[PDB]
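Given next are two forms of a protein chain, the same chain in both, each as structure tokens and marked structure 1 or structure 2.
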Structure 1
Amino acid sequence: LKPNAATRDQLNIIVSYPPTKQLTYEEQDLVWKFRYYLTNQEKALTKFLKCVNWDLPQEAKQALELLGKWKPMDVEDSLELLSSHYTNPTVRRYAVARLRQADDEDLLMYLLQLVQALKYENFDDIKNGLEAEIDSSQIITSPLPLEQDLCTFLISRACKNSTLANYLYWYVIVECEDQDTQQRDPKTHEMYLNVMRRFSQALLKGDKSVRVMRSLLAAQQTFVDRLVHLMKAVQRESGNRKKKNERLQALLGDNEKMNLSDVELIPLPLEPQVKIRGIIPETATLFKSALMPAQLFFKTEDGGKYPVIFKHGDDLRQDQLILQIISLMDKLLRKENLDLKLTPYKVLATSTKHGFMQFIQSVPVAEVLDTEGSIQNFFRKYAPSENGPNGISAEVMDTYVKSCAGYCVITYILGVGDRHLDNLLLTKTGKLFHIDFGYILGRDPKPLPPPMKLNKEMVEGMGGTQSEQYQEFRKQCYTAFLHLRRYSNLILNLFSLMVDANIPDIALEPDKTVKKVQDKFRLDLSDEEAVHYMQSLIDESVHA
């Protein structure tokens, strides 16, 4: 009923393990033995529930009396309980009970994963909450004249928060529209339709503002359906990029026919806090790309311009997951008082065949080099300073060093491949950032890719390997690395809820996907060994 000094050390080794590590039979027996002692350690509860054989009624019974007797679990840890591993209704209800403790800010960071976790819920209980044959896109547009589960909870919070409602809407829409899920997992497709029917029904039962949320959601779906129709017409248009652009601007201009240039204020699906009046027809063009994505400028509520990239005939879900992870990693780093001037641009899939991206005015590194000669020359042109380092503004140099460090570590951890200089972007304020995440988690079009994403010209832009800026780069690389290792339990749990998400590079090897991320962290190394390891990576990458 109480362990010795040696046993308490062995127990501490187990509790510290990543959520992925498989507890050995011997480790399991040790956790089951001192299960009453561990009740004071909130971080041990996850290790305890991984010992239980839920198929054995007596093991399940003992395990649940201890769950109510334990020190309440953290919010980051409750994400482990909502995975495919747990079927026990009492455990899954407990996870929702501890998630309820998070604020909406935190809930939005985890919501993409929470929609995926509905795949592990009781489908009948979802169906009973209601009071091909059904078109998912037409639910919201066709209105008719330990107690909460994941579906009830998410809907409860969505009805109180408009930002949360928008993302719950579009995330569930993409899930219903998934053809793979329709063919291979019909009962799952039926569940998602039921989450949408229950969402519509709850909004229709709400107050003045809650009923208007459903109108707004319908107006958004209708707008997106019209934009898709225009995209198909432009993509079909016979001729060159100019023929297609003229057709694009003409259809956008004809507001009576298409209703895209003049609309009553609606939330931009990509970022719902930004209300829009419509698309500016005149500045709308197609990108050179053979995929024919369009650049569209939205007229905002308060007289601004919000440039967007709308893609048609492409699945944006891989880029969506990566940009919400980059957004989360930036949020944890800022929490830890480290602002690395990162660019977590918004991405929102509106279906498996189309979606939005937030356009950030920038110049590819390739173009910078092939027009100005060097990054330092570019910076000297647009941001000069007499007193500044190398005749470049000090702020621009600090932004460039900080962003280079941030993306270097982030793209290392996420195993981002296909890293040429056309998909590495630079801003006149010094912001370096990555785009086009078609290859992640070790994948690359060419064989044996390098683990770190550095090059000659990048270090040149800092003022070479002998500069003070290059020293600060190193300091910021290893500092950010340690910070992200502290949040490894959170990062690994969110990646664990994505194993069945139909993300191409995840779908490849679902079983091996989370260990691929876990390895990058080098949790086997102490914080001091990690600092050296990160510098070895940098030095080996800069020299090669």
Structure 2
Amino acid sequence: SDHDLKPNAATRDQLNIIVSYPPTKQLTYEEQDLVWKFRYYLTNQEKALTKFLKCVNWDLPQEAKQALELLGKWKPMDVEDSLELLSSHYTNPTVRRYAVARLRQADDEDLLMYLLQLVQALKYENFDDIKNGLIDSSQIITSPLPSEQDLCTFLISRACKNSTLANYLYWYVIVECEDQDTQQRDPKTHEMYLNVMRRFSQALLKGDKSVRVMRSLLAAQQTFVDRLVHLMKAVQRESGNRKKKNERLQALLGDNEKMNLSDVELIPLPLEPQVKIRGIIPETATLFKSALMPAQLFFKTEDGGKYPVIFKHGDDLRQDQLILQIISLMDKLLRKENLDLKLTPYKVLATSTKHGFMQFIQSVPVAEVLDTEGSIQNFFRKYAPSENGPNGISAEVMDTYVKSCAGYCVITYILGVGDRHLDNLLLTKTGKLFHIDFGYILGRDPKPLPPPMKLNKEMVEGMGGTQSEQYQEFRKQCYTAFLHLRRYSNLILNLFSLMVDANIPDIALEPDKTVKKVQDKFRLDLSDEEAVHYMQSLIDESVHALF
């Protein structure tokens, strides 16, 4: 009978094909029947488990009960794979608790790489269960009352043992609580996120000194942000020119008795909680010349250093927050494969749907380089000369430039980043090239029929042109980066599957086609050799057009 079945050669080949499918591939009924039929054989293969859970007819109490028996005996699946089980497709509680049990084995560092997506996955959990575990959401943490695991319980549990996790959990959830589209369209989901914040507060107050200190520092952050938002509103309300608005900004910031933003108790920076701040430096704060006049603010740190940020008001940072979170992931995966491409995954954090922070990286827009110095090479010559270096430039700086160009050319191609011009391409004096301002992703562009590979002429000239050694190395780094990221297609696709219901504009336009737009870029229909030539074709087609 079914438990004694062992598959012949032909059937093994078919099973390996099914098991190798991406996580998004809908299995046909024939595939489902075959995986069910050889379920006891497949218990030995951790990778077959997600396929098995998609072949069960859960409506039949017979199979359901047997499937859970097999789930418990199955060779434990990898952390990366468990993320599939938290998507909207799975409602069975025992399956969803299994996924969490797998996440429990992850280190905190990996857990932090996936956290933004895990907070979105709370939408697919049981709302009643979250509520039964127990209102202006921003006042929960600031209004303490005196004196197996589901996903909510897990994340709160890990947040209590890790202040960096706690910080991102707090701010990610507060933005979901504050989201007015969710309030207006999905009231239940809004309620659930309130209840999560109430559970989180509750657990923090139940805990030992360690945890209760954490809670009072989140409150200190929340009220600091509230006070800074109040100050930005005051600055904009006041008509008058940019010089006048700067003067008002610096005066309000210099009045600590009123606004209390220039001397605080070494609280964690929400943008980067590892940086502890004394306050904002009044006399150096100024507004950018742009429609929404965000501010550049220098925070004084515990060691007496300065950490510059951009604070934006009246703008939704969540699409940019998602892209920089994924770039950060992609950079970590490449580094784990011993490939450091000198990328610049600057921090972005939404403190609401209407405001947030970004890390200010010292750099010059390529347009300004062209305007002041004429070319990327002249810029490197001026600020990093070297008599015997390539084209009179320091070898380290050129090495960094070639790698960062390649890294970004492959990453912006995978993420489908549009609206690329010389004011959103930035450069440092150490040779790092990077992208900012991701308001167009996943194939969207303000123009029609945009080129798939976003490489321009001044980038190529920076490498010394198409006949240089630098250009040959650029190509190699591009195709090598592409093959590496393809090996992590499952993780990356699984994470995007958890974003399909987020209110991110370029996802919300076509939620159901979102994952495929990423998946197509990997060209998983091609072998590694073929994918290398496809990438070379992408570079050749772009460079030919440019000249």
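Along the sequence of structure 1, residues get numbers from 1 upward. Take the two forms, find the largest set of C-alpha atoms that superpose within 1.5 Å, and that set is the rigid core.
Cα shift of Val52 between the two structures after core superposition, in Å? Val52 is displaced by 2.0 Å at its C-alpha.
In Å, how large is the CA movement of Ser162 between the two structures relative to the superposed rigid core? Displacement of the alpha carbon, after core fit: 0.4 Å.
When the rigid core is overlaid, by how much has the CA of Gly303 moved between the two structures, in Å to one decimal? Its C-alpha moves by 1.0 Å once the cores are overlaid.
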